[PDB]
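Quick look at upload04.txt (compact mmCIF, N, CA and C atoms):
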# COMPACT_ATOMS: atom_id res chain seq x y z
N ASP A 787 112.59 174.38 41.87
CA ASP A 787 113.92 173.87 41.59
C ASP A 787 113.92 172.36 41.75
N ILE A 788 113.22 171.90 42.78
CA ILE A 788 113.15 170.49 43.13
C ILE A 788 111.70 170.18 43.50
N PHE A 789 111.38 168.89 43.55
CA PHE A 789 109.99 168.44 43.39
C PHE A 789 109.66 167.33 44.39
N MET A 790 109.29 167.74 45.61
CA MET A 790 109.14 166.86 46.75
C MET A 790 107.73 166.29 46.93
N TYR A 791 107.65 165.36 47.88
CA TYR A 791 106.48 164.85 48.58
C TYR A 791 107.00 164.46 49.96
N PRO A 792 106.19 164.57 51.01
CA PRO A 792 106.71 164.29 52.35
C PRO A 792 106.97 162.82 52.62
N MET A 793 108.14 162.31 52.23
CA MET A 793 108.43 160.89 52.45
C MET A 793 109.93 160.60 52.59
N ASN A 794 110.77 161.60 52.40
CA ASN A 794 112.23 161.42 52.37
C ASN A 794 112.87 161.26 53.75
N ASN A 795 112.28 160.46 54.63
CA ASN A 795 112.55 160.51 56.06
C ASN A 795 113.30 159.24 56.48
N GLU A 796 112.86 158.54 57.53
CA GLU A 796 113.44 157.30 58.07
C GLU A 796 114.76 157.50 58.79
N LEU A 797 115.47 158.57 58.47
CA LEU A 797 116.73 158.86 59.15
C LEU A 797 116.60 158.96 60.66
N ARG A 798 115.43 159.32 61.17
CA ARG A 798 115.28 159.65 62.59
C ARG A 798 115.36 158.46 63.53
N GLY A 799 115.54 157.25 63.01
CA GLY A 799 115.43 156.06 63.83
C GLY A 799 116.22 156.14 65.12
N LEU A 800 117.36 156.82 65.10
CA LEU A 800 118.12 157.02 66.32
C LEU A 800 117.24 157.67 67.38
N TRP A 801 116.67 158.82 67.04
CA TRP A 801 115.83 159.56 67.96
C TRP A 801 114.68 158.71 68.41
N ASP A 802 114.07 158.03 67.45
CA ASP A 802 112.91 157.21 67.73
C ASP A 802 113.22 156.16 68.78
N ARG A 803 114.29 155.39 68.55
CA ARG A 803 114.68 154.38 69.51
C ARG A 803 114.96 155.00 70.85
N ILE A 804 115.62 156.15 70.86
CA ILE A 804 115.95 156.82 72.10
C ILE A 804 114.69 157.08 72.89
N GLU A 805 113.75 157.74 72.23
CA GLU A 805 112.48 158.10 72.81
C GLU A 805 111.81 156.89 73.42
N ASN A 806 111.81 155.80 72.65
CA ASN A 806 111.23 154.57 73.14
C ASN A 806 111.94 154.11 74.39
N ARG A 807 113.27 154.15 74.36
CA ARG A 807 114.05 153.69 75.49
C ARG A 807 113.64 154.45 76.73
N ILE A 808 113.50 155.76 76.59
CA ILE A 808 113.13 156.60 77.70
C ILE A 808 111.78 156.19 78.24
N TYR A 809 110.84 155.94 77.34
CA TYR A 809 109.54 155.48 77.80
C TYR A 809 109.66 154.14 78.50
N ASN A 810 110.66 153.35 78.13
CA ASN A 810 110.85 152.07 78.76
C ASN A 810 111.85 152.18 79.89
N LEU A 811 112.09 153.41 80.31
CA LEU A 811 112.68 153.75 81.58
C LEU A 811 111.58 154.16 82.54
N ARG A 812 110.64 154.94 82.02
CA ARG A 812 109.41 155.20 82.74
C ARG A 812 108.79 153.86 83.12
N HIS A 813 108.95 152.87 82.24
CA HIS A 813 108.63 151.50 82.61
C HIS A 813 109.67 150.54 82.07
N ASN A 814 109.25 149.59 81.24
CA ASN A 814 110.09 148.47 80.84
C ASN A 814 109.79 148.09 79.39
N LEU A 815 110.84 147.67 78.68
CA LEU A 815 110.83 147.60 77.22
C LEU A 815 109.78 146.66 76.63
N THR A 816 109.13 145.83 77.43
CA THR A 816 107.98 145.12 76.89
C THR A 816 106.95 144.88 77.97
N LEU A 817 107.39 144.32 79.08
CA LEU A 817 106.62 144.22 80.30
C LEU A 817 107.62 144.38 81.43
N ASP A 818 107.18 144.22 82.67
CA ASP A 818 108.10 144.14 83.78
C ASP A 818 108.18 142.71 84.28
N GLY A 819 109.40 142.26 84.56
CA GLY A 819 109.66 140.88 84.92
C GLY A 819 109.37 140.55 86.37
N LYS A 820 109.87 139.38 86.77
CA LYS A 820 109.71 138.86 88.12
C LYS A 820 111.00 138.17 88.55
N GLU A 821 111.23 138.18 89.86
CA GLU A 821 112.51 137.80 90.43
C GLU A 821 112.66 136.29 90.60
N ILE A 822 113.72 135.92 91.31
CA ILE A 822 114.13 134.54 91.52
C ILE A 822 114.39 134.34 93.02
N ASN A 823 114.43 133.08 93.45
CA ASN A 823 114.46 132.69 94.85
C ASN A 823 115.62 131.72 95.10
N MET A 824 115.74 131.21 96.33
CA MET A 824 116.93 130.46 96.72
C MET A 824 116.57 129.28 97.62
N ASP A 825 117.60 128.52 98.03
CA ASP A 825 117.45 127.27 98.78
C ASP A 825 118.53 127.14 99.86
N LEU A 826 118.31 126.23 100.81
CA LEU A 826 119.11 126.14 102.03
C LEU A 826 119.96 124.87 102.12
N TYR A 827 121.18 125.03 102.65
CA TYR A 827 122.14 123.95 102.93
C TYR A 827 122.61 123.32 101.64
N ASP A 828 121.67 122.94 100.78
CA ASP A 828 122.04 122.68 99.41
C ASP A 828 122.79 123.89 98.90
N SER A 829 122.39 125.05 99.41
CA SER A 829 123.10 126.26 99.09
C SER A 829 124.56 126.08 99.43
N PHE B 99 124.81 136.62 98.59
CA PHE B 99 123.82 136.33 99.62
C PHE B 99 122.93 137.53 99.87
N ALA B 100 123.53 138.69 100.06
CA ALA B 100 122.73 139.85 100.36
C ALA B 100 122.04 140.35 99.12
N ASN B 101 122.47 139.87 97.96
CA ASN B 101 121.72 140.09 96.74
C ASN B 101 120.24 139.81 96.94
N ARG B 102 119.91 138.81 97.76
CA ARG B 102 118.51 138.43 97.92
C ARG B 102 118.21 137.94 99.32
N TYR B 103 116.95 138.11 99.71
CA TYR B 103 116.47 137.70 101.03
C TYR B 103 116.80 136.24 101.27
N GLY B 104 116.23 135.36 100.45
CA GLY B 104 116.44 133.94 100.64
C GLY B 104 117.90 133.60 100.50
N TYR B 105 118.59 134.29 99.60
CA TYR B 105 120.02 134.11 99.49
C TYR B 105 120.67 134.47 100.82
N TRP B 106 120.43 135.70 101.25
CA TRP B 106 120.95 136.17 102.51
C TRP B 106 120.45 135.31 103.65
N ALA B 107 119.16 134.99 103.63
CA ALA B 107 118.57 134.17 104.68
C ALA B 107 119.32 132.86 104.83
N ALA B 108 119.53 132.16 103.73
CA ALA B 108 120.26 130.91 103.79
C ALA B 108 121.64 131.13 104.38
N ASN B 109 122.31 132.20 103.96
CA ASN B 109 123.61 132.52 104.55
C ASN B 109 123.50 132.62 106.05
N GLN B 110 122.48 133.34 106.52
CA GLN B 110 122.29 133.51 107.94
C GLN B 110 122.07 132.18 108.60
N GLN B 111 121.24 131.36 107.99
CA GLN B 111 120.90 130.07 108.55
C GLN B 111 122.14 129.25 108.76
N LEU B 112 122.93 129.10 107.71
CA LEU B 112 124.18 128.36 107.85
C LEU B 112 125.03 128.95 108.96
N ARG B 113 125.22 130.27 108.93
CA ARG B 113 126.07 130.88 109.94
C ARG B 113 125.49 130.75 111.33
N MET B 114 124.21 130.45 111.43
CA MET B 114 123.62 130.11 112.72
C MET B 114 124.01 128.71 113.11
N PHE B 115 123.87 127.80 112.17
CA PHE B 115 123.90 126.39 112.46
C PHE B 115 125.18 126.02 113.18
N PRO B 116 125.10 125.51 114.41
CA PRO B 116 126.30 124.96 115.02
C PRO B 116 126.77 123.81 114.17
N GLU B 117 125.86 122.88 113.91
CA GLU B 117 125.93 121.88 112.87
C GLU B 117 124.62 121.13 112.87
N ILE B 118 124.13 120.85 111.68
CA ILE B 118 123.01 119.95 111.51
C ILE B 118 123.36 119.06 110.35
N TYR B 119 123.96 119.66 109.34
CA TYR B 119 124.06 119.00 108.05
C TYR B 119 125.29 119.51 107.30
N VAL B 120 126.24 120.13 108.01
CA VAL B 120 127.44 120.62 107.34
C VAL B 120 128.26 119.46 106.78
N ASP B 121 128.20 118.29 107.43
CA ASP B 121 128.58 116.97 106.93
C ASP B 121 129.73 117.01 105.93
N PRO B 122 130.94 117.16 106.40
CA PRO B 122 132.04 117.52 105.50
C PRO B 122 132.48 116.39 104.60
N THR B 123 131.55 115.82 103.83
CA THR B 123 131.96 114.90 102.79
C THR B 123 132.98 115.55 101.88
N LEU B 124 132.95 116.88 101.83
CA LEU B 124 133.94 117.72 101.20
C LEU B 124 134.06 118.95 102.08
N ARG B 125 135.02 119.82 101.78
CA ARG B 125 135.19 120.95 102.67
C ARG B 125 136.11 122.00 102.07
N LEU B 126 135.99 123.20 102.64
CA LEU B 126 136.90 124.29 102.30
C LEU B 126 138.33 123.86 102.54
N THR B 127 138.57 123.19 103.66
CA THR B 127 139.90 122.74 103.99
C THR B 127 140.43 121.89 102.85
N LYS B 128 141.72 122.02 102.57
CA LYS B 128 142.31 121.17 101.55
C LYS B 128 143.82 121.16 101.69
N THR B 129 144.39 120.07 101.22
CA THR B 129 145.79 119.89 100.90
C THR B 129 145.74 118.79 99.86
N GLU B 130 146.82 118.61 99.12
CA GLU B 130 146.78 117.48 98.22
C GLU B 130 146.59 116.20 98.98
N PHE B 131 146.86 116.21 100.28
CA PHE B 131 146.33 115.21 101.19
C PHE B 131 144.93 114.81 100.79
N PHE B 132 144.13 115.78 100.37
CA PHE B 132 142.73 115.52 100.09
C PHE B 132 142.58 114.71 98.82
N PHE B 133 143.28 115.12 97.76
CA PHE B 133 143.26 114.33 96.54
C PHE B 133 143.92 112.97 96.73
N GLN B 134 144.96 112.91 97.55
CA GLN B 134 145.62 111.65 97.84
C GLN B 134 144.64 110.71 98.50
N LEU B 135 143.98 111.22 99.53
CA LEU B 135 142.92 110.52 100.22
C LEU B 135 141.88 110.02 99.24
N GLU B 136 141.36 110.92 98.42
CA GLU B 136 140.38 110.52 97.43
C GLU B 136 140.89 109.39 96.55
N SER B 137 142.13 109.50 96.09
CA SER B 137 142.71 108.45 95.28
C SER B 137 142.63 107.14 96.04
N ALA B 138 142.99 107.19 97.31
CA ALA B 138 142.88 106.03 98.17
C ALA B 138 141.45 105.51 98.18
N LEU B 139 140.49 106.43 98.21
CA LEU B 139 139.09 106.03 98.27
C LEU B 139 138.65 105.35 96.99
N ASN B 140 139.04 105.91 95.87
CA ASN B 140 138.55 105.48 94.58
C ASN B 140 139.29 104.31 93.97
N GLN B 141 140.49 103.99 94.43
CA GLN B 141 141.17 102.85 93.84
C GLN B 141 140.53 101.54 94.28
N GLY B 142 140.24 100.68 93.30
CA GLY B 142 139.85 99.31 93.58
C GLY B 142 138.60 99.22 94.44
N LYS B 143 138.67 98.35 95.44
CA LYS B 143 137.63 98.22 96.44
C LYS B 143 138.23 98.53 97.81
N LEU B 144 137.42 99.11 98.67
CA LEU B 144 137.93 99.62 99.94
C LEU B 144 138.42 98.50 100.84
N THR B 145 139.44 98.82 101.63
CA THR B 145 140.08 97.87 102.53
C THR B 145 140.79 98.66 103.61
N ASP B 146 141.03 97.98 104.72
CA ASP B 146 141.64 98.62 105.88
C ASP B 146 143.01 99.18 105.55
N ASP B 147 143.75 98.49 104.69
CA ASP B 147 145.11 98.88 104.39
C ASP B 147 145.20 100.24 103.73
Translate this structure into structure tokens?
Amino acid sequence: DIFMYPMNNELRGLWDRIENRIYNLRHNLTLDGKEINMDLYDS
Amino acid sequence: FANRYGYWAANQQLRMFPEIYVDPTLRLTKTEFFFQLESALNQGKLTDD
């Protein structure tokens, strides 16, 4: 009736991003950062 | 302050300090007295009057 090839996709990007986010909960979306420090009286 | 060690630490330090450098060139205390005073300071050149 109809005449496919496996390519009619791309819709899943929502899921894909989600999955990635979760993996970047297991860690961090590119690397893990580093903190900041402070000073006295000038404070 | 408690957000961070050094932040908190500095807070502690100040709250320890009886005084070393609190040097109230400015201060929490205020009244328009303070701006009036400043106006006195900043007008012209300083004088006893």
List as a PyMOL selection string the protein and nucleic acid residues near range 105-121 of chain B, meaning an atom at most 12 Å away when only C-alpha atoms are counted, but skip any in the same chain fewer than 6 places from it. (chain A and resi 822-829) or (chain B and resi 99)
*Pick out each residue of chain A that DSSP on the backbone tags as helix (DSSP H, G or I); I need them as number ranges by chain.*
A: 799-812
The selected residues should be written to file as a PDB file, in the coordinates of the input (atoms: N, CA and C atoms).
ATOM      1  N   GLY A 799     115.540 157.250  63.010  1.00  0.00           N
ATOM      2  CA  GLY A 799     115.430 156.060  63.830  1.00  0.00           C
ATOM      3  C   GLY A 799     116.220 156.140  65.120  1.00  0.00           C
ATOM      4  N   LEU A 800     117.360 156.820  65.100  1.00  0.00           N
ATOM      5  CA  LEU A 800     118.120 157.020  66.320  1.00  0.00           C
ATOM      6  C   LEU A 800     117.240 157.670  67.380  1.00  0.00           C
ATOM      7  N   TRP A 801     116.670 158.820  67.040  1.00  0.00           N
ATOM      8  CA  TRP A 801     115.830 159.560  67.960  1.00  0.00           C
ATOM      9  C   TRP A 801     114.680 158.710  68.410  1.00  0.00           C
ATOM     10  N   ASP A 802     114.070 158.030  67.450  1.00  0.00           N
ATOM     11  CA  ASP A 802     112.910 157.210  67.730  1.00  0.00           C
ATOM     12  C   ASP A 802     113.220 156.160  68.780  1.00  0.00           C
ATOM     13  N   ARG A 803     114.290 155.390  68.550  1.00  0.00           N
ATOM     14  CA  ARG A 803     114.680 154.380  69.510  1.00  0.00           C
ATOM     15  C   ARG A 803     114.960 155.000  70.850  1.00  0.00           C
ATOM     16  N   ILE A 804     115.620 156.150  70.860  1.00  0.00           N
ATOM     17  CA  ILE A 804     115.950 156.820  72.100  1.00  0.00           C
ATOM     18  C   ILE A 804     114.690 157.080  72.890  1.00  0.00           C
ATOM     19  N   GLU A 805     113.750 157.740  72.230  1.00  0.00           N
ATOM     20  CA  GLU A 805     112.480 158.100  72.810  1.00  0.00           C
ATOM     21  C   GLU A 805     111.810 156.890  73.420  1.00  0.00           C
ATOM     22  N   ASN A 806     111.810 155.800  72.650  1.00  0.00           N
ATOM     23  CA  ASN A 806     111.230 154.570  73.140  1.00  0.00           C
ATOM     24  C   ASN A 806     111.940 154.110  74.390  1.00  0.00           C
ATOM     25  N   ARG A 807     113.270 154.150  74.360  1.00  0.00           N
ATOM     26  CA  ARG A 807     114.050 153.690  75.490  1.00  0.00           C
ATOM     27  C   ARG A 807     113.640 154.450  76.730  1.00  0.00           C
ATOM     28  N   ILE A 808     113.500 155.760  76.590  1.00  0.00           N
ATOM     29  CA  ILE A 808     113.130 156.600  77.700  1.00  0.00           C
ATOM     30  C   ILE A 808     111.780 156.190  78.240  1.00  0.00           C
ATOM     31  N   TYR A 809     110.840 155.940  77.340  1.00  0.00           N
ATOM     32  CA  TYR A 809     109.540 155.480  77.800  1.00  0.00           C
ATOM     33  C   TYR A 809     109.660 154.140  78.500  1.00  0.00           C
ATOM     34  N   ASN A 810     110.660 153.350  78.130  1.00  0.00           N
ATOM     35  CA  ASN A 810     110.850 152.070  78.760  1.00  0.00           C
ATOM     36  C   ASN A 810     111.850 152.180  79.890  1.00  0.00           C
ATOM     37  N   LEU A 811     112.090 153.410  80.310  1.00  0.00           N
ATOM     38  CA  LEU A 811     112.680 153.750  81.580  1.00  0.00           C
ATOM     39  C   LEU A 811     111.580 154.160  82.540  1.00  0.00           C
ATOM     40  N   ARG A 812     110.640 154.940  82.020  1.00  0.00           N
ATOM     41  CA  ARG A 812     109.410 155.200  82.740  1.00  0.00           C
ATOM     42  C   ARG A 812     108.790 153.860  83.120  1.00  0.00           C
TER      43      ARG A 812
END
Correct to one decimal, the distance atom C of residue 793 in chain A-atom N of residue 805 in chain A is 20.2 Å
In Å and to one decimal, atom C of residue 101 in chain B is distant from atom C of residue 821 in chain A by 10.5 Å
Computed gap from CA of residue 809 in chain A to atom N of residue 797 in chain A is 20.5 Å
Would you mind completing range 104-119 of chain B to N, CA, C and O atoms and writing the output as a PDB file, keeping the file's coordinate frame?
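Produced file part_39.pdb, reproduced below:
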ATOM      1  N   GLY B 104     116.230 135.360 100.450  1.00  0.00           N
ATOM      2  CA  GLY B 104     116.440 133.940 100.640  1.00  0.00           C
ATOM      3  C   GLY B 104     117.900 133.600 100.500  1.00  0.00           C
ATOM      4  O   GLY B 104     118.412 132.719 101.187  1.00  0.00           O
ATOM      5  N   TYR B 105     118.590 134.290  99.600  1.00  0.00           N
ATOM      6  CA  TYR B 105     120.020 134.110  99.490  1.00  0.00           C
ATOM      7  C   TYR B 105     120.670 134.470 100.820  1.00  0.00           C
ATOM      8  O   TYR B 105     121.316 133.640 101.482  1.00  0.00           O
ATOM      9  N   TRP B 106     120.430 135.700 101.250  1.00  0.00           N
ATOM     10  CA  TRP B 106     120.950 136.170 102.510  1.00  0.00           C
ATOM     11  C   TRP B 106     120.450 135.310 103.650  1.00  0.00           C
ATOM     12  O   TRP B 106     121.209 134.964 104.558  1.00  0.00           O
ATOM     13  N   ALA B 107     119.160 134.990 103.630  1.00  0.00           N
ATOM     14  CA  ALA B 107     118.570 134.170 104.680  1.00  0.00           C
ATOM     15  C   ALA B 107     119.320 132.860 104.830  1.00  0.00           C
ATOM     16  O   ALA B 107     119.674 132.466 105.942  1.00  0.00           O
ATOM     17  N   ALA B 108     119.530 132.160 103.730  1.00  0.00           N
ATOM     18  CA  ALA B 108     120.260 130.910 103.790  1.00  0.00           C
ATOM     19  C   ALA B 108     121.640 131.130 104.380  1.00  0.00           C
ATOM     20  O   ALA B 108     122.105 130.342 105.214  1.00  0.00           O
ATOM     21  N   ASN B 109     122.310 132.200 103.960  1.00  0.00           N
ATOM     22  CA  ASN B 109     123.610 132.520 104.550  1.00  0.00           C
ATOM     23  C   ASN B 109     123.500 132.620 106.050  1.00  0.00           C
ATOM     24  O   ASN B 109     124.289 132.029 106.799  1.00  0.00           O
ATOM     25  N   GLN B 110     122.480 133.340 106.520  1.00  0.00           N
ATOM     26  CA  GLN B 110     122.290 133.510 107.940  1.00  0.00           C
ATOM     27  C   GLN B 110     122.070 132.180 108.600  1.00  0.00           C
ATOM     28  O   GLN B 110     122.607 131.902 109.679  1.00  0.00           O
ATOM     29  N   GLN B 111     121.240 131.360 107.990  1.00  0.00           N
ATOM     30  CA  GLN B 111     120.900 130.070 108.550  1.00  0.00           C
ATOM     31  C   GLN B 111     122.140 129.250 108.760  1.00  0.00           C
ATOM     32  O   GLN B 111     122.399 128.765 109.869  1.00  0.00           O
ATOM     33  N   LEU B 112     122.930 129.100 107.710  1.00  0.00           N
ATOM     34  CA  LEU B 112     124.180 128.360 107.850  1.00  0.00           C
ATOM     35  C   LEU B 112     125.030 128.950 108.960  1.00  0.00           C
ATOM     36  O   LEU B 112     125.477 128.235 109.859  1.00  0.00           O
ATOM     37  N   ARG B 113     125.220 130.270 108.930  1.00  0.00           N
ATOM     38  CA  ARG B 113     126.070 130.880 109.940  1.00  0.00           C
ATOM     39  C   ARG B 113     125.490 130.750 111.330  1.00  0.00           C
ATOM     40  O   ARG B 113     126.224 130.884 112.316  1.00  0.00           O
ATOM     41  N   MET B 114     124.210 130.450 111.430  1.00  0.00           N
ATOM     42  CA  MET B 114     123.620 130.110 112.720  1.00  0.00           C
ATOM     43  C   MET B 114     124.010 128.710 113.110  1.00  0.00           C
ATOM     44  O   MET B 114     124.402 128.446 114.248  1.00  0.00           O
ATOM     45  N   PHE B 115     123.870 127.800 112.170  1.00  0.00           N
ATOM     46  CA  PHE B 115     123.900 126.390 112.460  1.00  0.00           C
ATOM     47  C   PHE B 115     125.180 126.020 113.180  1.00  0.00           C
ATOM     48  O   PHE B 115     126.270 126.223 112.637  1.00  0.00           O
ATOM     49  N   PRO B 116     125.100 125.510 114.410  1.00  0.00           N
ATOM     50  CA  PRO B 116     126.300 124.960 115.020  1.00  0.00           C
ATOM     51  C   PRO B 116     126.770 123.810 114.170  1.00  0.00           C
ATOM     52  O   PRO B 116     127.925 123.756 113.734  1.00  0.00           O
ATOM     53  N   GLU B 117     125.860 122.880 113.910  1.00  0.00           N
ATOM     54  CA  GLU B 117     125.930 121.880 112.870  1.00  0.00           C
ATOM     55  C   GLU B 117     124.620 121.130 112.870  1.00  0.00           C
ATOM     56  O   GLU B 117     124.074 120.835 113.931  1.00  0.00           O
ATOM     57  N   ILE B 118     124.130 120.850 111.680  1.00  0.00           N
ATOM     58  CA  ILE B 118     123.010 119.950 111.510  1.00  0.00           C
ATOM     59  C   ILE B 118     123.360 119.060 110.350  1.00  0.00           C
ATOM     60  O   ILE B 118     123.128 117.848 110.369  1.00  0.00           O
ATOM     61  N   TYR B 119     123.960 119.660 109.340  1.00  0.00           N
ATOM     62  CA  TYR B 119     124.060 119.000 108.050  1.00  0.00           C
ATOM     63  C   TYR B 119     125.290 119.510 107.300  1.00  0.00           C
ATOM     64  O   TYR B 119     125.370 119.363 106.082  1.00  0.00           O
TER      65      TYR B 119
END
